[PDB]
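Content type PDB, C-alpha atoms, from the file work-v6.pdb:
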ATOM      1  CA  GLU A   1      14.962   4.261  12.535
ATOM      2  CA  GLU A   2      16.443   2.242   9.696
ATOM      3  CA  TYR A   3      13.740   3.415   7.320
ATOM      4  CA  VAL A   4      15.873   3.687   4.204
ATOM      5  CA  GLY A   5      15.687   0.345   2.437
ATOM      6  CA  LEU A   6      11.936   0.779   2.698
ATOM      7  CA  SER A   7      11.774   4.520   2.131
ATOM      8  CA  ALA A   8      11.841   6.746  -0.929
ATOM      9  CA  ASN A   9      14.437   4.718  -2.791
ATOM     10  CA  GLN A  10      13.348   1.127  -2.296
ATOM     11  CA  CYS A  11      11.241   1.515  -5.417
ATOM     12  CA  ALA A  12      14.601   2.099  -7.059
ATOM     13  CA  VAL A  13      16.322  -0.838  -5.404
ATOM     14  CA  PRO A  14      18.851  -2.794  -7.477
ATOM     15  CA  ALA A  15      15.935  -5.001  -8.452
ATOM     16  CA  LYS A  16      16.677  -7.812  -6.028
ATOM     17  CA  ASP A  17      15.401  -6.792  -2.614
ATOM     18  CA  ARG A  18      11.675  -6.456  -3.190
ATOM     19  CA  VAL A  19       8.847  -8.636  -1.933
ATOM     20  CA  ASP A  20       7.641  -9.305  -5.458
ATOM     21  CA  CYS A  21       4.070  -8.129  -5.025
ATOM     22  CA  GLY A  22       3.296 -10.978  -7.393
ATOM     23  CA  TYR A  23       0.043  -9.409  -8.525
ATOM     24  CA  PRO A  24      -1.995 -11.050 -11.296
ATOM     25  CA  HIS A  25      -3.025  -7.548 -12.300
ATOM     26  CA  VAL A  26       0.430  -6.007 -12.172
ATOM     27  CA  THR A  27       0.428  -2.819 -14.210
ATOM     28  CA  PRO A  28       1.794   0.737 -14.294
ATOM     29  CA  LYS A  29      -1.511   1.936 -12.890
ATOM     30  CA  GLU A  30      -2.841  -1.045 -10.974
ATOM     31  CA  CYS A  31       0.128  -1.945  -8.806
ATOM     32  CA  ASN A  32       0.577   1.645  -7.693
ATOM     33  CA  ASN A  33      -3.159   1.423  -7.129
ATOM     34  CA  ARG A  34      -2.980  -1.881  -5.289
ATOM     35  CA  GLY A  35      -0.138  -0.683  -3.093
ATOM     36  CA  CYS A  36       2.826  -1.910  -5.103
ATOM     37  CA  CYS A  37       5.445  -0.280  -7.296
ATOM     38  CA  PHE A  38       5.842  -1.016 -10.988
ATOM     39  CA  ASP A  39       9.435  -1.315 -12.137
ATOM     40  CA  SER A  40       9.445  -2.283 -15.797
ATOM     41  CA  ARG A  41      13.121  -1.386 -15.871
ATOM     42  CA  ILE A  42      14.122  -4.969 -15.180
ATOM     43  CA  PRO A  43      11.825  -7.608 -16.687
ATOM     44  CA  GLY A  44      13.946 -10.157 -14.863
ATOM     45  CA  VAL A  45      12.699  -8.932 -11.506
ATOM     46  CA  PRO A  46       9.345  -8.148  -9.877
ATOM     47  CA  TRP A  47       7.626  -5.338 -11.743
ATOM     48  CA  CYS A  48       5.305  -5.032  -8.769
ATOM     49  CA  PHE A  49       6.531  -4.813  -5.195
ATOM     50  CA  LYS A  50       6.193  -2.812  -2.000
ATOM     51  CA  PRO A  51       9.190  -0.472  -2.234
ATOM     52  CA  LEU A  52       8.573   3.129  -1.246
ATOM     53  CA  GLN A  53       4.832   2.564  -1.377
ATOM     54  CA  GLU A  54       4.867   5.150   1.388
ATOM     55  CA  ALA A  55       3.966   7.434  -1.493
ATOM     56  CA  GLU A  56       0.267   7.023  -0.799
ATOM     57  CA  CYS A  57       0.317   3.688   0.987
ATOM     58  CA  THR A  58       1.524   4.570   4.464
ATOM     59  CA  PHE A  59      -0.565   7.713   4.177
TER      60      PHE A  59
ATOM     61  CA  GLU B   1       8.450  12.573  10.705
ATOM     62  CA  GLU B   2       7.494   9.879  13.186
ATOM     63  CA  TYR B   3       5.239   7.729  11.037
ATOM     64  CA  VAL B   4       2.365   7.880  13.494
ATOM     65  CA  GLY B   5      -0.278  10.173  12.050
ATOM     66  CA  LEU B   6      -0.251   7.803   9.098
ATOM     67  CA  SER B   7       0.260   4.612  11.071
ATOM     68  CA  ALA B   8      -1.586   3.007  13.958
ATOM     69  CA  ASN B   9      -4.618   5.038  14.963
ATOM     70  CA  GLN B  10      -4.781   6.383  11.429
ATOM     71  CA  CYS B  11      -6.808   3.396  10.291
ATOM     72  CA  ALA B  12      -9.117   4.641  13.020
ATOM     73  CA  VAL B  13      -9.615   7.964  11.280
ATOM     74  CA  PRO B  14     -12.800   9.892  12.092
ATOM     75  CA  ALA B  15     -14.130   8.539   8.817
ATOM     76  CA  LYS B  16     -13.088  11.383   6.545
ATOM     77  CA  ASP B  17      -9.326  11.310   6.138
ATOM     78  CA  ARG B  18      -8.833   8.187   4.057
ATOM     79  CA  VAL B  19      -8.084   7.799   0.367
ATOM     80  CA  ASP B  20     -10.990   5.463  -0.276
ATOM     81  CA  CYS B  21      -9.062   2.506  -1.644
ATOM     82  CA  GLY B  22     -12.206   1.908  -3.664
ATOM     83  CA  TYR B  23     -11.674  -1.829  -3.947
ATOM     84  CA  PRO B  24     -14.111  -4.058  -5.848
ATOM     85  CA  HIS B  25     -13.516  -6.678  -3.182
ATOM     86  CA  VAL B  26     -13.634  -4.511  -0.082
ATOM     87  CA  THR B  27     -13.741  -6.804   2.928
ATOM     88  CA  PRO B  28     -12.177  -7.370   6.356
ATOM     89  CA  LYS B  29      -9.857  -9.964   4.868
ATOM     90  CA  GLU B  30      -9.314  -8.875   1.284
ATOM     91  CA  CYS B  31      -8.504  -5.210   1.779
ATOM     92  CA  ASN B  32      -6.308  -5.869   4.789
ATOM     93  CA  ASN B  33      -4.869  -8.524   2.506
ATOM     94  CA  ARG B  34      -4.584  -6.352  -0.580
ATOM     95  CA  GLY B  35      -3.057  -3.451   1.314
ATOM     96  CA  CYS B  36      -6.115  -1.538   2.463
ATOM     97  CA  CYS B  37      -7.944  -1.128   5.751
ATOM     98  CA  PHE B  38     -11.538  -2.229   6.191
ATOM     99  CA  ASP B  39     -13.668   0.060   8.323
ATOM    100  CA  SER B  40     -17.320  -0.913   8.121
ATOM    101  CA  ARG B  41     -18.013   1.586  10.878
ATOM    102  CA  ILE B  42     -19.748   4.029   8.568
ATOM    103  CA  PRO B  43     -21.472   2.903   5.360
ATOM    104  CA  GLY B  44     -21.033   6.421   4.037
ATOM    105  CA  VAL B  45     -17.281   6.190   4.470
ATOM    106  CA  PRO B  46     -14.654   4.123   2.639
ATOM    107  CA  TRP B  47     -14.651   0.634   4.105
ATOM    108  CA  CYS B  48     -11.339   0.175   2.331
ATOM    109  CA  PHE B  49      -8.472   2.642   2.470
ATOM    110  CA  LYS B  50      -4.735   2.908   3.012
ATOM    111  CA  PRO B  51      -4.454   4.088   6.624
ATOM    112  CA  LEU B  52      -1.734   2.323   8.576
ATOM    113  CA  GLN B  53      -1.229  -0.009   5.638
ATOM    114  CA  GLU B  54       2.437   0.787   6.133
ATOM    115  CA  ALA B  55       2.299  -2.404   8.165
ATOM    116  CA  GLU B  56       2.656  -4.716   5.191
ATOM    117  CA  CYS B  57       2.220  -2.042   2.547
ATOM    118  CA  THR B  58       5.289   0.167   2.744
ATOM    119  CA  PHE B  59       7.455  -2.853   3.461
TER     120      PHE B  59
END
Structure re-expressed in structure tokens:
Amino acid sequence: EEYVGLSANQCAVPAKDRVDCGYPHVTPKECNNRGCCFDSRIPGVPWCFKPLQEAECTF
Amino acid sequence: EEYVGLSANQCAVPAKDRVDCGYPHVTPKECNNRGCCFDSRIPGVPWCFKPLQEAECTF
């Protein structure tokens, strides 16, 4: 029931709680296509993780 | 909602409720590894989608 840190907001985490998708094709069109979320906001963190992938992932 | 209609059992869709991951490496090891679900049941259906991917997708 603790589906918050992995719900619609995780993709907005403080950039330091993701699973760093670590995709070699990370991109603002590939990650979201691979099942990850592209940050870009913080280049010091993973710009490709599995935050609120629920978008169309869990679907 | 109770992530169920999009979780377990979902990956067992009737073969016409997926989002056709449309992966270039669709396989029962790559998709389920990339964040998709490999069917193989029907060749006319997507043997790679995002059913109950929530497993290690949403996370």
Open item on the list: Need the shell around residue A:42: protein/DNA/RNA residues with any atom at most 10 Å away, counting all atoms listed in the file. Skip same-chain ones fewer than 2 positions apart. Format as a list in words?
Closed with: residues 14, 15, 16, 39, 40, 44, 45, 46 and 47 of chain A
Open item on the list: With all atoms listed in the file as the counted atoms, please give the residues lying no more than 10 Å from residue A:26, apart from itself and same-chain residues fewer than 5 positions off, as a PyMOL selection string.
Closed with: chain A and resi 21+31-34+36-38+46-49
Open item on the list: Based on all atoms listed in the file, which of the residues in chain B come within 7 Å of chain A? I want them as a list in words.
Closed with: residues 6, 7, 34, 35, 50, 51, 52, 53, 54, 57, 58 and 59 of chain B
Report chain B as a PDB file with C-alpha atoms, in the coordinates of the input in the frame of chain A, after least-squares superposition over all C-alpha atoms paired in order.
ATOM      1  CA  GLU B   1      14.979   3.895  12.095  1.00  0.00           C
ATOM      2  CA  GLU B   2      14.789   6.651   9.508  1.00  0.00           C
ATOM      3  CA  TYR B   3      12.380   5.108   7.030  1.00  0.00           C
ATOM      4  CA  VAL B   4      14.728   5.581   4.100  1.00  0.00           C
ATOM      5  CA  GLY B   5      16.133   2.189   3.179  1.00  0.00           C
ATOM      6  CA  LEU B   6      12.513   1.175   2.738  1.00  0.00           C
ATOM      7  CA  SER B   7      11.287   4.454   1.295  1.00  0.00           C
ATOM      8  CA  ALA B   8      12.368   6.576  -1.645  1.00  0.00           C
ATOM      9  CA  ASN B   9      15.221   4.964  -3.540  1.00  0.00           C
ATOM     10  CA  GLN B  10      14.016   1.592  -2.315  1.00  0.00           C
ATOM     11  CA  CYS B  11      11.576   1.318  -5.195  1.00  0.00           C
ATOM     12  CA  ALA B  12      14.768   1.704  -7.193  1.00  0.00           C
ATOM     13  CA  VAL B  13      16.236  -1.461  -5.727  1.00  0.00           C
ATOM     14  CA  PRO B  14      18.928  -3.233  -7.761  1.00  0.00           C
ATOM     15  CA  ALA B  15      16.175  -5.597  -8.837  1.00  0.00           C
ATOM     16  CA  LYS B  16      16.587  -8.233  -6.151  1.00  0.00           C
ATOM     17  CA  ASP B  17      15.382  -6.820  -2.853  1.00  0.00           C
ATOM     18  CA  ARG B  18      11.647  -6.604  -3.422  1.00  0.00           C
ATOM     19  CA  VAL B  19       8.849  -8.827  -2.174  1.00  0.00           C
ATOM     20  CA  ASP B  20       7.410  -9.447  -5.618  1.00  0.00           C
ATOM     21  CA  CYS B  21       3.907  -8.141  -5.024  1.00  0.00           C
ATOM     22  CA  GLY B  22       2.936 -10.754  -7.583  1.00  0.00           C
ATOM     23  CA  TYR B  23      -0.125  -8.876  -8.782  1.00  0.00           C
ATOM     24  CA  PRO B  24      -2.392 -10.277 -11.506  1.00  0.00           C
ATOM     25  CA  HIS B  25      -2.779  -6.727 -12.760  1.00  0.00           C
ATOM     26  CA  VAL B  26       0.808  -5.543 -12.522  1.00  0.00           C
ATOM     27  CA  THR B  27       1.046  -2.212 -14.305  1.00  0.00           C
ATOM     28  CA  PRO B  28       2.425   1.321 -13.941  1.00  0.00           C
ATOM     29  CA  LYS B  29      -0.979   2.533 -12.817  1.00  0.00           C
ATOM     30  CA  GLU B  30      -2.572  -0.434 -11.090  1.00  0.00           C
ATOM     31  CA  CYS B  31       0.251  -1.519  -8.812  1.00  0.00           C
ATOM     32  CA  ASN B  32       1.147   2.031  -7.857  1.00  0.00           C
ATOM     33  CA  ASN B  33      -2.597   2.287  -7.353  1.00  0.00           C
ATOM     34  CA  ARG B  34      -3.015  -0.961  -5.456  1.00  0.00           C
ATOM     35  CA  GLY B  35      -0.041  -0.304  -3.207  1.00  0.00           C
ATOM     36  CA  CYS B  36       2.823  -1.761  -5.209  1.00  0.00           C
ATOM     37  CA  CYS B  37       5.639  -0.331  -7.294  1.00  0.00           C
ATOM     38  CA  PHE B  38       5.960  -1.063 -10.993  1.00  0.00           C
ATOM     39  CA  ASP B  39       9.502  -1.559 -12.230  1.00  0.00           C
ATOM     40  CA  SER B  40       9.524  -2.859 -15.784  1.00  0.00           C
ATOM     41  CA  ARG B  41      13.275  -2.351 -15.817  1.00  0.00           C
ATOM     42  CA  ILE B  42      14.027  -6.057 -15.703  1.00  0.00           C
ATOM     43  CA  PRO B  43      11.578  -8.660 -17.028  1.00  0.00           C
ATOM     44  CA  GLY B  44      13.231 -11.192 -14.753  1.00  0.00           C
ATOM     45  CA  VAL B  45      12.443  -9.080 -11.715  1.00  0.00           C
ATOM     46  CA  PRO B  46       9.137  -8.247 -10.011  1.00  0.00           C
ATOM     47  CA  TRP B  47       7.491  -5.425 -11.921  1.00  0.00           C
ATOM     48  CA  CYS B  48       5.243  -5.041  -8.900  1.00  0.00           C
ATOM     49  CA  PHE B  49       6.469  -4.879  -5.323  1.00  0.00           C
ATOM     50  CA  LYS B  50       6.120  -2.938  -2.092  1.00  0.00           C
ATOM     51  CA  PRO B  51       9.208  -0.706  -2.071  1.00  0.00           C
ATOM     52  CA  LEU B  52       8.495   2.838  -0.949  1.00  0.00           C
ATOM     53  CA  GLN B  53       4.797   2.029  -0.963  1.00  0.00           C
ATOM     54  CA  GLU B  54       4.826   3.641   2.460  1.00  0.00           C
ATOM     55  CA  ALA B  55       3.792   6.674   0.445  1.00  0.00           C
ATOM     56  CA  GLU B  56       0.121   5.762   0.320  1.00  0.00           C
ATOM     57  CA  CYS B  57       0.524   2.273   1.732  1.00  0.00           C
ATOM     58  CA  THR B  58       1.548   2.696   5.353  1.00  0.00           C
ATOM     59  CA  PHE B  59      -0.740   5.694   5.682  1.00  0.00           C
TER      60      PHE B  59
END
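Reported to one decimal place, the separation of atom CA of residue A:25 from atom CA of residue A:9 is 23.4 Å.
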Starting from 8 Å padding per side, set up an axis-aligned box that covers all listed atoms of stretch 24-38 of chain A and hand over centre and edge lengths in Å, one decimal, as lines of an AutoDock Vina configuration file.
center_x = 1.3
center_y = -4.6
center_z = -8.7
size_x = 25.0
size_y = 29.0
size_z = 27.2
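Pairwise distance (atom CA of residue B:22, atom CA of residue A:22) equals 20.5 Å.
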- [ ] Could you check how far atom CA of residue A:41 sits from atom CA of residue A:24, in Å to one decimal?
- [x] 18.5 Å
Dump chain A with C-alpha atoms to a file, as a tab-separated table (two decimals), in the first residue's frame.
chain	number	residue	atom	x	y	z
A	1	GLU	CA	0.00	0.00	0.00
A	2	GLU	CA	3.12	2.14	0.19
A	3	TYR	CA	2.95	2.89	-3.52
A	4	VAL	CA	4.16	6.47	-3.38
A	5	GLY	CA	7.92	6.39	-3.78
A	6	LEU	CA	7.22	4.32	-6.87
A	7	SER	CA	4.09	6.11	-8.03
A	8	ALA	CA	3.40	9.28	-9.97
A	9	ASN	CA	6.17	11.29	-8.35
A	10	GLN	CA	9.13	8.94	-8.31
A	11	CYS	CA	10.02	10.27	-11.74
A	12	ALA	CA	10.38	13.55	-9.88
A	13	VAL	CA	12.40	12.11	-7.02
A	14	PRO	CA	15.18	14.27	-5.57
A	15	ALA	CA	17.44	12.56	-8.08
A	16	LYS	CA	18.97	10.07	-5.67
A	17	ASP	CA	16.51	7.23	-5.20
A	18	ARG	CA	16.26	5.76	-8.68
A	19	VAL	CA	17.54	2.44	-9.98
A	20	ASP	CA	19.60	4.15	-12.65
A	21	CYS	CA	18.17	2.34	-15.65
A	22	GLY	CA	21.71	2.57	-16.95
A	23	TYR	CA	20.62	2.25	-20.56
A	24	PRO	CA	23.19	2.57	-23.36
A	25	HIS	CA	20.41	4.11	-25.42
A	26	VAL	CA	19.15	6.50	-22.76
A	27	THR	CA	17.15	9.25	-24.43
A	28	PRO	CA	14.06	11.43	-24.03
A	29	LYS	CA	12.20	9.05	-26.31
A	30	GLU	CA	13.99	5.75	-25.86
A	31	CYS	CA	14.02	5.40	-22.10
A	32	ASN	CA	10.33	6.21	-21.86
A	33	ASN	CA	10.09	3.67	-24.65
A	34	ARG	CA	12.29	1.12	-22.92
A	35	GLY	CA	10.41	1.49	-19.65
A	36	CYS	CA	12.53	4.13	-17.95
A	37	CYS	CA	12.15	7.82	-17.20
A	38	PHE	CA	14.42	10.49	-18.61
A	39	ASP	CA	15.37	13.19	-16.13
A	40	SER	CA	17.82	15.54	-17.80
A	41	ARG	CA	17.24	17.95	-14.93
A	42	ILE	CA	20.22	16.59	-13.04
A	43	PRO	CA	23.13	15.44	-15.21
A	44	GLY	CA	24.75	14.25	-12.01
A	45	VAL	CA	22.13	11.54	-11.58
A	46	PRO	CA	20.55	8.81	-13.71
A	47	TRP	CA	18.73	10.35	-16.65
A	48	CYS	CA	17.06	7.00	-17.14
A	49	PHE	CA	15.38	5.09	-14.33
A	50	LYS	CA	12.18	3.30	-13.37
A	51	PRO	CA	10.33	6.01	-11.44
A	52	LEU	CA	6.63	6.34	-12.16
A	53	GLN	CA	7.00	4.18	-15.25
A	54	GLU	CA	3.48	3.14	-14.32
A	55	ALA	CA	2.62	5.68	-16.99
A	56	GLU	CA	2.50	2.99	-19.65
A	57	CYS	CA	4.74	0.40	-18.04
A	58	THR	CA	2.50	-1.19	-15.43
A	59	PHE	CA	-0.31	-0.89	-17.94
